[PDB]
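Everything below concerns the one structure shown next.
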Ligand SMILES: C[C@H]1O[C@H](O[C@H]2[C@H](O)[C@@H](O)[C@@H](O[C@H]3[C@H](O)[C@@H](O)[C@H](O)O[C@@H]3CO)O[C@@H]2CO)[C@H](O)[C@@H](O)[C@@H]1N[C@H]1C=C(CO)[C@@H](O)[C@H](O)[C@H]1O
Ligand SMILES: Nc1ncnc2c1ncn2[C@@H]1O[C@H](COP(=O)(O)OP(=O)(O)O)[C@@H](O)[C@H]1O
C-alpha cells in the first residue's frame, strides 16, 4: 500500500532520552520506513545537535496570546526524515547538555513552561508536513493524507489541535490521529488557568477540563508532594483529550493494555475512555543490528546462543574487573537497571541488599539515575559491601552492553511496567530475568526464560506520600523471589534458560505488521 506517517513525541535516541520513550521513537519509525512508508519523527531541539541543520523554514505559533517564531531543523537518518522544533523554551534550558532532565530541573520537579512548551510543540508539529520539503529543500512536501502517531501526554494535544483548528478550515481532512500510550501516570495534569494559553477554541475546553482528588505537585520549583483533597479539584488533563479525539488508541503491551482498561487503579483515573473506545497492545521490539552479542561493538568476546557459557563468563571477568568486584566466575552476578524512583523499585531493592550478598552470596551491579536520595545510597554501596557490589549513577551506552553480557541474572522489582526494555535487552544477551509480575514483564518473561515473583506494593499512587514505612517491606518479596532463582545457579535448568532466552525474537518486523494494520483500519485500505 505505502502511506505517509508522522511520529510526534518528546524524545528520540540518540538525541534526547530519559528512558524507553526515545528508544521506541527511534526504532519503530525506522522499521516502518523499511516497509516503504514515508515516515517522519518530530521532536523538540533541547540542545544544539551537531547533525541537525536548519531548513530555513520558520513559522509563528500563538501561545499565551503572543505569536512565537519557531524554526525547523532536519536530518535524514535510516530513511526517516526527523525534525526538531527550535525555540528558546526548549533550547535555552538549564545547562550541562540537558540529556536527562528534559521535563524538569530535578526529578519530581517540572518546568512551569511545560504547558506552553508542549502546546507550542504540538501546533508546530502540525505545520511541518505542510510547509517543509524533504529530503532536500528542492524536493517534495509531506502534505495532508498523513497519519499522525502521537506519543504520551506531550503529544496528546495534536488530535484536538488537528480537529479544532486545521480540519475546520478544510485540510488534514483525510488525516487520522493515533494515540500511543507508553505510560498512564503521566497525563499532563495542569492548573485550569493555563487554559487561555493553549489557543484552542472555547468549544474544546470541555475535553480538557477534568476532576480528581489527586493533583501533581504545585508547579513552582521546590515542592514534589502531590496534594490530595477530599472534594475533587478542577484542573486540566491533556491525556484525556488525547483519548477523546484520537481516531484509535494503541499501547506498548497486550498485558498492559488489559491493566489500563481494568479500572481507576490501573487507568490512574482515565479507565472509562479506554474501556469505552478500546486499546490495542503491541509489545515493544528491540534493535537487532545494535543489540547482537554475536557481532556487538562494545564486547571483548562475542558469543551466540550455541557458545553462551564461555562468552558470558569471559565478559563477566571484564565486568567484575571494571566495577571492581572480586573476579570469581562461580559467584552469581545480579544486575539492576532503571530510573531511580518509585516505579522501578530501587528503594526496596536497596533495602534488600544484605540478604542478596551476605546470605545468598551474589554480587550486585546497580545502574540508575534519578532522585537525590537513591543516587546517594547507590554510590555508597561499594563502600558498605567492599568488592561485592557497585552503584554506577551516570553511565554510557557502552556500559549497558557489557553489563548485560556479564550479568548472570537481571533484576526488575517494578511497581508496574507498561513494557520495559532492560529485560528484553537481557534475554537477548542471555542474562536470566528475575522480574516483578506486571505488564510487559508478564508477557515477555515466560517461565521457559526466567522467574516472576509477585509485584511490589504502591499507594493510591502517582507518588502520593510515597512508599509507607511498612509498605517498604515489599523488599521481602525480592529476597524470597531471588532466593528461589539463584538456588539453581549452575543447573542444567539455568543453561536451558540461557539458551531459551536468546532464541526468542524481539525484532520489530513482527510488531510493525500489527502497527501497520491498525493504521489501515483507522484510515480505510
Ligand atoms: C522513561 C519514561 O520517560 C518519560 O517519562 C518522563 C515523564 O514523561 C515526565 O512527565 C516526567 O515525569 C514527572 C512528572 O511530569 C511529574 O508529574 C512528577 O512530579 O515527576 C515526574 C518524574 O520527575 O519525567 C519522566 C522521566 O523524564 C516518558 O514520558 C515515559 O512515558 C517513559 N516511560 C515508559 C516508556 C516505555 C517505552 O515503551 C515503556 O517501555 C516503559 O516501561 C514506561 O515506563
Ligand atoms: N536512568 C536512566 N536514564 C536514561 N536512560 C536510561 C536510564 N536507565 C536505563 N536507561 C535506558 O533506557 C531504557 C530503559 O527503559 P525501559 O526499560 O523501557 O523502562 P523506562 O523507560 O521506564 O526506564 C534502556 O534502553 C536503557 O539504555
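Numbering (the entry's author numbering), first residue to last: 18 to 542.
Yeah, the Cβ is synthetic: ideal placement off N, Cα and C, and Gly gets one too.
query, result
"Limits of the alpha helix (DSSP H) - the one that residue 446 falls within", "439-446"
"Which listed residue (486, 476, 477 and 440) has its alpha carbon closest to that of residue 466", "440"
"Cα-Cα separation between residue 37 and residue 167, rounded to whole angstroms", "15 Å"
"Alpha carbon of residue 53 to alpha carbon of residue 345, nearest angstrom", "50 Å"
"Whole-angstrom distance between residue 173 and residue 217, CA atom to CA atom", "13 Å"
"Residues near residue 368 by beta carbon distance below 8 Å, same chain, minus five either side", "489 and 492"
"Rounded C-alpha distance that separates residue 195 from residue 532", "10 Å"
"Same chain, Cβ closer than 8 Å to residue 479, neighbours up to 5 away in sequence not counted", "202, 231, 233, 243 and 285"
"Residue from 425, 494, 109 and 398 with nearest C-alpha to residue 470", "494"
"Simplified DSSP assignment, three categories, for residue 168", "strand"
"Cβ-heavy atom distance, residue 121 to ligand 1, below 7 Å", "yes"
"Nearest to residue 287 (by Cα), restricted to the options 205, 126 and 239", "205"
"Check: residue 436 C-beta below 7 Å from any heavy atom of ligand 1", "yes"
"Ligand 1 heavy atom lying under 7 Å from the CB of residue 199", "yes"
"Beta-carbon proximity of residue 350 to residue 424, cut-off 8 Å", "yes"
"Nearest to residue 353 (by Cα), restricted to the options 330, 274, 292 and 442", "442"
"Residue 48 versus residue 236 - alpha carbon distance", "38 Å"
"C-beta atoms of residue 318 and residue 331 nearer than 8 Å", "yes"
"Which residues DSSP lists as bridging residue 384, in chain order", "354 and 409"
"Where residue 469 falls: helix, strand or coil (DSSP)", "strand"
"Separation of residue 282 from residue 247, as counted between CA atoms", "18 Å"
"Extent of the continuous alpha helix (DSSP H) run through residue 331", "325-340"
"Among 56, 100, 420 and 342, nearest to residue 589 - alpha-carbon criterion", "Residue coverage of the chain in this structure runs from 18 to 542, which leaves residue 589 outside it and unanswerable."
"Same chain, Cβ closer than 7 Å to residue 30, five either side skipped, listed in chain order", "39, 40 and 43"
"DSSP-derived helix/strand/coil call for residue 450", "strand"
"Per-residue burial, residue 361 [other beta carbons within 10 Å of its own, 16 or more giving buried]", "buried"
"Buried versus exposed, by CB contacts within 10 Å (16 or more), residue 239", "exposed"
"Cβ-heavy atom distance, residue 27 to ligand 2, below 7 Å", "no"
"DSSP state of residue 130 mapped onto helix, strand, coil", "coil"
"Boundaries (first-last residue) of the alpha helix (DSSP H) holding residue 417", "414-423"
"Cβ-based neighbour list, residue 134, same chain, cut-off 7 Å, excluding 5 preceding and 5 following", "106 and 107"
"Residue 296 versus 306, 328, 507 and 263, residue with shortest Cα-Cα distance", "263"
"Nearest residue (CA-CA) to residue 454, options 276, 211 and 77", "276"
"Residues that residue 228 bridges to, as DSSP identifies them", "251"
"Environment of residue 97 [buried if 16+ CB atoms lie within 10 Å]", "buried"
"Beta-carbon contacts of residue 211 that lie in its chain and below 7 Å, excluding the five residues immediately before and after", "132 and 253"
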